[PDB]
Amino acid sequence: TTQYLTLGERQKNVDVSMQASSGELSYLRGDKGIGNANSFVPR
Amino acid sequence: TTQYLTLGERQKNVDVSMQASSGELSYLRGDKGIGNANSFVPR
Amino acid sequence: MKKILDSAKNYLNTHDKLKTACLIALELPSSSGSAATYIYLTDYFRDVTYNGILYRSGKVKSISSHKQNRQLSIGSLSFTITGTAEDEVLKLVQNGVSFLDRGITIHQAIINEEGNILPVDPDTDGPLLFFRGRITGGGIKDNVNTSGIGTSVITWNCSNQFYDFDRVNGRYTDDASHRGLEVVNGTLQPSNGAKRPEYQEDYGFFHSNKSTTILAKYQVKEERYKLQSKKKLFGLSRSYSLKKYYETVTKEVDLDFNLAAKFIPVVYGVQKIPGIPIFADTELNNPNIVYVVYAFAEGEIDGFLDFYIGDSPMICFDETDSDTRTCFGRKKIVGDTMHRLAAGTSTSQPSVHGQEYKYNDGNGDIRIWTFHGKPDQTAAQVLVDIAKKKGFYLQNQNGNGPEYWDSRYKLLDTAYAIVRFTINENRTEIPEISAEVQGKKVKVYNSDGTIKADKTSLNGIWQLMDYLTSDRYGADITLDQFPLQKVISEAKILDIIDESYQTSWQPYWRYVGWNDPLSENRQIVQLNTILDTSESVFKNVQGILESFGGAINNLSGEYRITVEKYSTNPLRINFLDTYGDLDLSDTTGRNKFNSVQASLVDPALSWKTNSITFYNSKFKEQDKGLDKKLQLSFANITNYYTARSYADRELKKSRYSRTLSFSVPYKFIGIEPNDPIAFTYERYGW
Amino acid sequence: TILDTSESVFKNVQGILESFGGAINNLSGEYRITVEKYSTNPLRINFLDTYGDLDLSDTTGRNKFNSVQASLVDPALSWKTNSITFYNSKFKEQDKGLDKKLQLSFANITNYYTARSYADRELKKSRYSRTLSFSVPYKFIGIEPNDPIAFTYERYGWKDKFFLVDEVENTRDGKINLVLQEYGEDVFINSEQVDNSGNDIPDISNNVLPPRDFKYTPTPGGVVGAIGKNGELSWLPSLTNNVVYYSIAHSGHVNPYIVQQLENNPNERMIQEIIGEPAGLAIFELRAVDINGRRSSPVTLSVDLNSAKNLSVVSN
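Protein chains in written order, with UniProt numbering: chain A, 1085 to 1127; chain B, 1085 to 1127; chain C, 1 to 686; chain D, 529 to 844.
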């Protein structure tokens, strides 16, 4: 039915040299998406 | 079948004034034997 | 000590009036860094020409004194510039911040009676280097007093050669950093920041730092159609429902892969380290098969000894442990490595580069590929072949074609391991993996001239030398800044055979760095080091030196690695050579030590610290039973007996200690720290 | 803000002020609250107006910062703390990768973006810093801390340079001691932080170059020349100037031989001599360095050494 595979932990380091983006909010709050803290697609 | 009686905790203090012995390795790794850290018989 | 040319000693002894001059070469900030402009200065009354470089006189009023000792620290030097000069005042005031971290090289030069420079240094037949480092500050004091003479002094603050050790130089798993991509400003763009020119084409660390947390849907070829193995009790009755065979059926898998970017470590012995997952994925059709590639250590590595699957190693420690769970061979006395699985009942030996090990155990099966690091190694063949068939789910989900794991993903200088898990109802998840790896291959320099880098070494001197000569993960110090003979002699000193114990007393020989169960391997010091590159190279060097109580000093441009040791040829100093000032002080009361707490990881049990206390009963009795503990680093030592001998040696050495401070004329130039002095003074009885 | 009244009002006021980097001062019976802001109308102070003594110091090395830890509470996560770290990658690269974190109070801040902007602004502002101190007569009475000063001094390149007061001391004689504080450009909250001058990235400092011509000339026989003449090694000086020596090592020899750049003559081959060696293919490594010590690309070659000709007379 439903199965989940996990690995690692989200990295909370943020590089403020780059311009701000909503991907950071999505990543830092554990939203379901693909990407890093500096570039995150939230789906 | 099998019964165990337990008491105390092994003492990890070692007196380096006396010469080294294998009894120290046996005693410091939780081997089964009769003696102290400075003089241990490992069975 | 730094030997100086014989003619230098003759001139220093004979001549009582030395016209010393300090030559300063300073680096000006400027664009076109390859066109690095230097400003040369000297405090001599006339311009000094030295190797085609004219050192202009003036502008240098004073220079502070360089100081060093046996404990590694960032020495500081400050020199002054006349504040009445317009160029210097403008430079300090309006550019004194851009001067930070710019090189300065002060040379000490003795001038002959004919204005030539006496060739003191035997390595170049030139001056004797006095200082080298990078500016770290500024400051100008314009003091104006009415009815008098004003004052304008420019002060430049500098740090000695060891300021280069504040850098953190460690390969970082992120693709952008490893491949040398420029700091992204909007779109990406390649640059020349790669440590090696061949890294730029190495896409191995692709998919490194990303967090794919999605509710993926998979198509599993099972449980939808075709013959099913179910026969009813009745002879004729049959199960008409067709399943348990290959045919698509929807299935939601909530995968959560968080591959972070952690600094890769360096291992110089038999040590247990965790994995840094760089690539994660599962088969296109079966979610139960997951590929995860972990990064271990760096450089050419002697191989893996064993793998720890969720705290349960594949090999049982003793006879007793084998009953609790399935195992294969012992480690206590036979001390076999993982390579028994491929070659059953073989000898002990590390893993093989590009060889697969099928660790069959309860709860499922595990396939492991051991890819030792290598300067030039090909891509993971299995992963490339799978990618060509688009077998990876995340490959098809993202649409990537046969380039998802291309032949260009040749992880260079990284001992990574590919682990293929078979998720089942027993192994319901992917457990964190750790492994026991042998250290990096390390060069050992024989005295004759021949070298050998075919195996890792436990010697502290050679481990430090390797860490201090690698640009990609250490301090970029060229081998030509090291006295080879002195380093080799010190390495021999740290290889003295210790006779306080037998080789048969330590059963876990294979997992303390001993490559043979018979040959003599009772070295006086044996360091199994994990060099976590996350920390500053300064801290790593200090941690290595604290293991054997060595000391690194750089006076006169040569890097000296030395250890407190007896000498049969000390330098003889008589009190009458001294400036006559003398000061003998006693420190035994303060430095008396009679115990030490040793927290050392013991391989016999799953690698974990044992809080072991070494004390000397006689010293405590002399101390009136009072406890006095000296903080001693046991992080790099896994052999109990070497740790004990080190502790006892330090405790003994901490019983007699005095500090004697005096001064000596310039005749004795080149007295490095930790040098043997034979001080004779008949009045005291010395 | 949550103001736990149990703590002293001093602590609460300090906590509020630390959030936006403000400052409260009470000089002359006024409770002035101020923040580090750019001003277009500073007080003009000249060196001559000042007392004679002056003192300029640099603190950039100590106060360079490139990272910060933000334990900000997030309303999304049931008001639990997130350990969020803000770092400026460029600053770390300029810092040799060293981590320099500044303790920043992220309490009483729940908007993540405001926290990030605050962190980046503080990191940017903490990159340039000097402490200029002098003494001014009683005429300039009332100079509050954190006040805009336009200090002009002809001897330097300062013409109405913008400073900020940091420590004003009033004496009973009237002499007023000041300690100003220099900052970067457009690094203030009030200033227009947009900077367009950073496009031109600095280049690498590869100031060392290899030799243009380094070839080995075997010594022919039949000529006395020198006894046991294995041969000689010559090459033109490497294109980079400022060289103390070049080093050359034989394959089987532990130490490298060294040649002195005694003559700064362009296009002048400098001879390094090799003697008493086997006649074979020996790896040759023309090590090169400059005064700074940086090394150019060494020349790796293997040349069959020509056996020594015209040897010594029989000793006895």
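For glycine and all other residues, C-beta sits at the position ideal for the given N, C-alpha and C.
Closest in alpha carbon position to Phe206 of chain C, among C:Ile423, C:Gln395, C:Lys653, C:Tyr684, is C:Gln395.
Residues of chain A whose Cβ lies closer than 7 Å to the Cβ of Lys653 of chain D do not exist; the shortest such Cβ separation is about 13 Å. Residues of the region 611–622 of chain D with a C-beta less than 7 Å from any C-beta of chain A: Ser611, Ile612, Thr613, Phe614, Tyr615, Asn616, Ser617, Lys618, listed in chain order. Look at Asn783 of chain D here: in three-state DSSP terms it is coil, with no helix or strand label. As the crow flies, the alpha-carbon of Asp623 of chain D is around 40 Å from that of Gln397 of chain C. At the C-beta level, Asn591 of chain D and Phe619 of chain D stay beyond 7 Å of one another.
If you check the CB distance, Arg1094 of chain A and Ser611 of chain C do not come in under 7 Å. Going by C-alpha positions, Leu626 of chain D is about 18 Å away from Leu468 of chain C. Of the candidates C:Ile110, C:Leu484, C:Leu545, C:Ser351, C:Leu484 places its Cα closest to the Cα of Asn783 of chain D.
Within the region 619–644 of chain C, those residues whose Cβ lies closer than 7 Å to any Cβ of chain B are, in chain order, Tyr640, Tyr641, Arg644. Within its own chain, the residues whose Cβ lies closer than 6 Å to the Cβ of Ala604 of chain C, once the five positions on either side in sequence are excluded, are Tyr508, listed in chain order.
Neighbours of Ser719 of chain D in chain C, taken as residues whose beta carbon is under 7 Å from its own, are absent, since the nearest beta carbon is some 18 Å off.
Of all residues in the region 44–78 of chain C, only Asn51, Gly52, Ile53 come within less than 8 Å of chain D when Cβ atoms are compared, listed by chain position. Rounded to whole angstroms, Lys374 of chain C and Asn554 of chain C show a C-alpha spacing of 32 Å. Listed in chain order, the non-local C-beta contacts of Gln271 of chain C below 6 Å within the same chain comprise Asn528, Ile530, local neighbours out to five positions each way being set aside. Annotation for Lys232 of chain C: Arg238, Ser239 place their beta carbon closer than 7 Å to its own, counting only its chain and skipping 5 residues before and after. In the structure shown, the three-state DSSP call for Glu201 of chain C is coil. Between the region 421–435 of chain C and the region 508–518 of chain C there are fewer than three C-beta pairs closer than 8 Å, too few to call the two in contact.
For the C-beta of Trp686 of chain C, not a single chain B residue is nearer than 8 Å; the gap to the nearest is close to 31 Å. Apart from the 5 residues on each side of it in sequence, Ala260 of chain C sits with its Cβ closer than 7 Å to the Cβ of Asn209 in its chain, given in chain order. Look at the region 242–266 of chain C: the residues with a C-beta under 8 Å from a C-beta of chain A are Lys251, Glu252, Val253, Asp254, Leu255, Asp256, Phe257, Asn258, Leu259, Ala260, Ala261.
At a cut-off of 7 Å, the C-beta of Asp723 of chain D has no neighbouring C-beta in chain A. Per DSSP, the unbroken alpha helix (DSSP H) holding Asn13 of chain C starts and ends at 6–14. Contact between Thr1090 of chain A and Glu252 of chain C is absent: CB atoms are separated by about 15 Å, not below the 8 Å threshold.
Ranked by Cα distance from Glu564 of chain D, the options D:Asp577, D:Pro673, D:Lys608, D:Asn792 are led by D:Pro673. The C-alpha of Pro274 of chain C lies about 37 Å from the C-alpha of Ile1118 of chain B.
The continuous beta strand (DSSP E) containing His107 of chain C extends over residues 103–111. Distances from the CA of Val290 of chain C to each of C:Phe296, C:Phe279, C:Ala297 were compared; the closest alpha carbon is that of C:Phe279. Relative to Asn639 of chain D, the option among A:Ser1123, A:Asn1120, A:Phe1124, A:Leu1112 whose CA is nearest is A:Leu1112. DSSP places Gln1103 of chain B outside both helix and strand once states are collapsed to three, so it counts as coil. Interface annotation, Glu1108 of chain A: not in contact with chain C, CB-CB separation never under 7 Å. Residues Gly329, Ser348 of the same chain have their beta carbon placed closer than 6 Å to that of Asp336 of chain C, with the five preceding and five following residues left out of the count. Contiguous beta strand (DSSP E) elements confined to the region 516–542 of chain C occur at 529–532, taking only those with 3 or more residues. Residue C:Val183 holds the alpha-carbon nearest to the alpha-carbon of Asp175 of chain C among C:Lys358, C:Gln502, C:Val183. By the CB criterion at 7 Å, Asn734 of chain D and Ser32 of chain C fall outside the cutoff. Contact annotation: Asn636 of chain D and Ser534 of chain D have beta-carbon atoms that are not nearer than 7 Å.
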